[PDB]
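A.B. asks: need coordinates for the below:
(2 chains, ligands or ions: 7)
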Amino acid sequence: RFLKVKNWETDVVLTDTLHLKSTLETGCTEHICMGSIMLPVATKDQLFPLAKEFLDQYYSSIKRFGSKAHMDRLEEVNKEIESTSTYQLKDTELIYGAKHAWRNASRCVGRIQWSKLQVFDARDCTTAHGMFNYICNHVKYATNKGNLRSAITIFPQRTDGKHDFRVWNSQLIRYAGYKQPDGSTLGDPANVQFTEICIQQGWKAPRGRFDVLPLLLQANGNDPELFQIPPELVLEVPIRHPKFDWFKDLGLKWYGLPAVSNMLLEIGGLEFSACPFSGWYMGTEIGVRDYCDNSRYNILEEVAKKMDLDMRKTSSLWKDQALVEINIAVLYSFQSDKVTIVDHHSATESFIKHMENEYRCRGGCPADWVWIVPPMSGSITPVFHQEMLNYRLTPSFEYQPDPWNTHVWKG
Amino acid sequence: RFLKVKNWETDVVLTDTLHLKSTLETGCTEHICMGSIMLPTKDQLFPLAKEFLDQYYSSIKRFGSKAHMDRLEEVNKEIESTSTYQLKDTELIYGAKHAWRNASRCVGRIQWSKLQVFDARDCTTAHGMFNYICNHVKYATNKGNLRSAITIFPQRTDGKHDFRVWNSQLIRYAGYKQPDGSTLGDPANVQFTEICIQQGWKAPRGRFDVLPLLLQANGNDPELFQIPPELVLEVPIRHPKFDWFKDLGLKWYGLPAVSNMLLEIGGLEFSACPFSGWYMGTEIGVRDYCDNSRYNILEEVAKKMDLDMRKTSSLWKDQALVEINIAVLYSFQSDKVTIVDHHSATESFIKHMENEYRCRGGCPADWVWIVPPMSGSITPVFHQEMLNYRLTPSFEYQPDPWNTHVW
Ligand code: HEM
Ligand code: HEM
Ligand SMILES: Cc1cc(N)nc(C[C@@H]2CNC[C@@H]2NCCNCCc2cccc(F)c2)c1
Ligand SMILES: Cc1cc(N)nc(C[C@@H]2CNC[C@@H]2NCCNCCc2cccc(F)c2)c1
Ligand SMILES: C[C@H](O)[C@H](O)[C@H]1CNc2nc(N)[nH]c(=O)c2N1
Ligand SMILES: C[C@H](O)[C@H](O)[C@H]1CNc2nc(N)[nH]c(=O)c2N1
Ligand SMILES: [Zn+2]
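C.D. replies: Numbers count the residues shown, from 1 in each chain, chains lettered A, B, ... in the order given. Ligands and ions are numbered 1, 2, ... in the order given. Please find the structure below.
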């Protein structure tokens, strides 16, 4: 079976065969498409086949499929599963696995970079304090004084599911949110609930608009513990506009390191429930989503007021006007401070090249159009006109529910 | 069975039950999602007819009544004896309004029940098709106070007697390949424009040349017709602040009128069914003007605005884009020609979805198409989960006839 995808701007047609290697379900059926739905303990029985598929992939990629090394490794994993109901990855398999989970991440526009990924093996970690230290080192390494470097830190795998390592923060660096009694919110409304948990756990809240949250870390299924990231490690950028001098007076800033900490990395059947990873920002993540979502900092009106736009009718496109200026400001501010950032035009152009390379070398590239197309100026980016096929490959990153919903409190 | 859709901005959760009444295949499977692919007998006909008549009689609260059963027998008999059947006028109007209501890619469906239907099933020639189409254009345009309309020509028979409009829309601009290699006018219509000349259209060879109609009646070779210019309402494009904008020499037509789709009602196939409503501003300002394979005017507008065109990160493309779209909306509004902006259209669609969930049990919607091609996440549709599924009656895309036909 072959499937074709077309670019409607260029007429370049591509052929997908990689999707034949897919096993997991998308959420779609022959009768319903779920492409815009955000969210559409294992047995030996299921485990050895998952390990095998993975190691066959790995040995093919080093071009030792069917080698003595390959066969000895399968036998050795089989024996470890038999004896212990699980197994441990070699360092090389871990590195390969984490890189491929990124390569396979269909919602990620940044995947041209997939093979340059610094992997930090934290599988010897045992306590929350140890987690905190590994996470500090990740942040310092990744930040690299503004010359951002991609990285991931991988804590011990799931065992019985009663002993999970988790980072309770959804990203390593995020700002507190405080719901006021009048119903307004100070800071980031997305973090209100997490901020409340932090506070209950003992965090002393500065109660400002941009307070960096503490880390909340759970080792070995234990109750999570609070740590403050040293401020000298948190790189931040004050937001100003190249032409509008009143922009700085809005008091906006943002952190330089986007570092997703709430996902589950699955490799050869093993589940890494704490695997924080980081890259660098595409500008629209901050300037469109974080600043301009109604449910977030919501600065559109205030910026439009200062621009003296006609705010009486939507058809003045005052929201669209303010939006571009804010995104100009974010790119200008990061660039002037020499902090790595990518605009949506450049990032999408690179993804198209990545995607075409992947069809040629790999036989495909799973991609989720709904997520890949930027949240402003969609159709003036090349990805808008690119047909894409979405399917699920492993190794993979997966969403997990927030731990406060699942955690058994020990006290 | 029951499926939920969440709005991530408002937290509102809706339950879909309408999808269980779905019949056609989406293109997706459990292993692969094809949500972004643009194109993913007597025995066959009676269940189709029955499925349709059951829903029709249910809608007028006469399900299982004598009139219902009688009609189902009359349609059975007609199929058994003729190999097809004929819709009552009431059924035709119901079917058309519902094909629009079921159109998952259409953001403007809040309007679905206000559709003027022109029954052209008595038409026999291309000259007659031209008359029907002229009347549709004049009725729909209404001197700028646009009204939604569809004109329905005779249904498919044995297949070699199809009625077809060859144009993809009733009103579009010519495209010509030029001596230097570049393109004059609309590059999307270069192929169609050459066929017009091939069949003998004397092309004025300008930028905004309204194309002639090419009409295929009863399976015959198509014929050329120029729409009376006085029936084609056009809008000169100016900017409310930029004096220089008028000087780019831009105009667009007021009436968007899709003419290449197939209407399917109760298993009957209406291959020529041009319909029209009114524009959302981004269709013109983002897609027609700014697509690279289209009029591609971003480069020139950014120049007039003396923006920094050195780096993509200056967002010069984005700044120009907004101003262009301000201009489209301004020109239409100043000339009293119906238009809707993307903010207003998407707000209305959310309101429609919620009406449809509560009144019908769902609303099929294709997020990829409903989200505007600019400013996506500042419109409410961006944050709205949608379920896409295929209900009949429906509109379906059909391939260009100049591949199918033999002269
Ligand atoms: C190197 C710079 C990178 C850029 C510019 C980039 C860009 C993006 C963007 C724009 C998204 C959509 C995210 C959103 O809108 O919330 C995304 C999603 C995602 N990225 Fe990348 N990314 C980068 C690096 C990485 C790395 C290093 C990994 C892991 C090794 C990764 C894995 C993922 C995953 C798993 C998602 C889906 C997130 C979710 O479901 O919430 N990305 N990326
Ligand atoms: C009254 C105002 C209307 C508005 C604002 C509107 C808006 C839109 C928009 C923005 C699209 C996306 C298609 C594109 O971007 O090319 C669309 C598609 C569509 N519309 Fe509506 N529409 C209106 C009336 C109608 C009517 C009267 C019908 C049929 C009776 C209709 C049926 C469809 C269909 C079948 C599509 C998908 C087209 C395709 O596959 O190329 N629309 N509409
Ligand atoms: C419900 C749900 C499901 C899901 N899969 N996900 C979410 C997080 C949402 C996705 N969209 C906004 C928020 N995500 C927040 C930040 N995502 C940054 C991705 C990124 C960028 C650059 C470098 C990197 F390493 C990583 C929620
Ligand atoms: C390949 C293919 C498939 C398909 N289904 N379709 C197409 C036409 C493309 C889609 N999108 C841009 C262009 N269609 C151009 C304009 N479509 C107008 C929709 C509309 C608006 C207001 C009132 C109406 F009555 C109708 C191509
Ligand atoms: C409902 C819809 O799927 C949801 O709003 C999605 C749309 N596209 C997205 N795309 C990205 N990159 N990030 C997101 O959070 C979303 N949200
Ligand atoms: C490849 C992709 O499906 C294609 O470019 C789509 C994207 N969304 C669209 N949305 C609308 N309304 N109209 C279109 O023509 C398209 N084109
Ligand atoms: Zn799908």
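
A.B. asks: please report phi then psi for the residue nearest the centre of chain A.
C.D. replies: Nearest to the mean C-alpha position of chain A, counting by C-alpha atoms, centre = their mean, stands residue A:260 at 4.5 Å. When read as degrees, to the nearest 10, the backbone of residue A:260 gives phi -70, psi 120.

A.B. asks: just checking, it touches residue A:274?
C.D. replies: No - contact criterion C-beta atoms under 8 Å: residue A:260 and residue A:274 do not qualify, at 11.5 Å. All C-beta spots, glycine's among them, are computed from the backbone N, C-alpha and C.

A.B. asks: pull the residues that contact stretch A:38-50.
C.D. replies: Residues outside stretch A:38-50 that contact it (C-beta atoms under 8 Å, 6 or more residues apart in numbering or on different chains): A:26-28, A:34, A:77-78, A:81-82, A:85-86, A:160-161, A:268-269, A:271, A:394, A:399, B:6, B:8, B:385.

A.B. asks: can I get the CA coordinates of that stretch in CSV?
C.D. replies: The C-alpha coordinates for stretch A:38-50 follow below in CSV (Å, rounded to 0.1, in the frame of the first residue of the first chain):
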residue,chain,number,x,y,z
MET,A,38,-6.7,17.3,21.3
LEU,A,39,-6.9,13.9,23.1
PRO,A,40,-8.5,11.5,20.7
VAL,A,41,1.6,-2.0,34.3
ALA,A,42,2.3,-4.2,31.1
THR,A,43,2.5,-8.0,30.6
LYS,A,44,5.4,-10.2,29.5
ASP,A,45,2.8,-11.2,26.8
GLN,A,46,2.7,-7.8,25.3
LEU,A,47,6.3,-6.8,26.3
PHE,A,48,8.7,-9.1,24.4
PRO,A,49,7.1,-8.3,21.0
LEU,A,50,7.4,-4.5,21.8
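
A.B. asks: any residue of that stretch up close to ligand 3?
C.D. replies: Yes - applying C-beta under 6 Å from any ligand atom, one finds stretch A:38-50 touching ligand 3 at A:38-39.

A.B. asks: list the buried residues for that stretch?
C.D. replies: For stretch A:38-50, the neighbour count (16 or more other C-beta atoms under 10 Å in any protein chain shown) marks A:47-48, A:50 as buried.

A.B. asks: do that stretch and ligand 5 meet?
C.D. replies: Yes - applying C-beta under 6 Å from any ligand atom, one finds stretch A:38-50 touching ligand 5 at residue A:38.

A.B. asks: return the distance of that stretch from the chain's centre.
C.D. replies: 22 Å (C-alpha atoms, centre = their mean, to the nearest Å).

A.B. asks: list just the nearest of the buried residues of stretch A:38-50 to ligand 7.
C.D. replies: Using C-beta to the ion, residue A:50 comes nearest to ligand 7 of the buried residues of stretch A:38-50, at 25.2 Å.

A.B. asks: next secondary structure element downstream of the host helix or strand of that closest one?
C.D. replies: In this structure, residue A:50 sits in helix A:44-61 according to DSSP states H and E. Next helix or strand after helix A:44-61 toward the C-terminus (DSSP H and E): helix A:68-84.

A.B. asks: mind telling me which residue of the stretch 1-150 of chain A is nearest ligand 1?
C.D. replies: residue A:110 (2.6 Å; C-beta to the nearest ligand atom).

A.B. asks: against ligand 7, how distant is residue A:280?
C.D. replies: 30 Å (C-beta to the ion, to the nearest Å).

A.B. asks: I'd assumed residue A:347 was in contact with that residue.
C.D. replies: No - assessed by C-beta under 8 Å, residue A:280 is found out of contact with residue A:347, at 10.1 Å.

A.B. asks: centroid-wise, who is the farthest residue in chain A?
C.D. replies: Of all residues in chain A, residue A:312 sits farthest from the chain's C-alpha centroid, using C-alpha atoms, centre = their mean; the distance is 38.2 Å.

A.B. asks: got a list of what the residue of the stretch 51-200 of chain A found nearest ligand 2 touches?
C.D. replies: As assessed by C-beta to the nearest ligand atom, ligand 2 sits closest to residue A:109 within the stretch 51-200 of chain A, at 23.1 Å. By C-beta under 8 Å, 6+ apart, the residues touching residue A:109 are A:282, A:347-348, A:351, A:371-372, A:383.

A.B. asks: possible to save the residues you listed as JSON lines with neighbour count?
C.D. replies: As requested, those are exported to JSON lines (neighbours: other C-beta atoms under 10 Å in any protein chain shown):
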{"residue": "A:282", "neighbour count": "21"}
{"residue": "A:347", "neighbour count": "22"}
{"residue": "A:348", "neighbour count": "23"}
{"residue": "A:351", "neighbour count": "22"}
{"residue": "A:371", "neighbour count": "18"}
{"residue": "A:372", "neighbour count": "24"}
{"residue": "A:383", "neighbour count": "23"}
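
A.B. asks: from those residues, which land in helices?
C.D. replies: Assigned to helices by DSSP state H, the following of the contacts of residue A:109 qualify: A:347-348, A:351, A:371-372.

A.B. asks: rewinding a little: and of the buried residues of stretch A:38-50, the nearest to chain B?
C.D. replies: Proximity of these to chain B (C-beta to the nearest C-beta) peaks at residue A:50, which lies at 17.1 Å.

A.B. asks: any idea whether the residue nearest to residue A:255 when sequence neighbours are not counted is helix, strand or coil?
C.D. replies: Closest residue in space to residue A:255, ignoring its immediate chain neighbours: residue A:173 at 4.5 Å, by C-beta to C-beta, 6 or more residues apart in numbering or on different chains. Under DSSP: H, G, I helix; E, B strand; the rest coil, residue A:173 falls in the coil class.

A.B. asks: list the contacts of the closest residue to residue A:407 other than its chain neighbours.
C.D. replies: Nearest in space to residue A:407, with sequence neighbours left out and distances taken as C-beta to C-beta, 6+ apart, is residue A:218 at 7.3 Å. Applying C-beta under 8 Å, 6+ apart to residue A:218 gives the contacts A:128, A:164-168, A:224-225, A:274, A:403, A:407.
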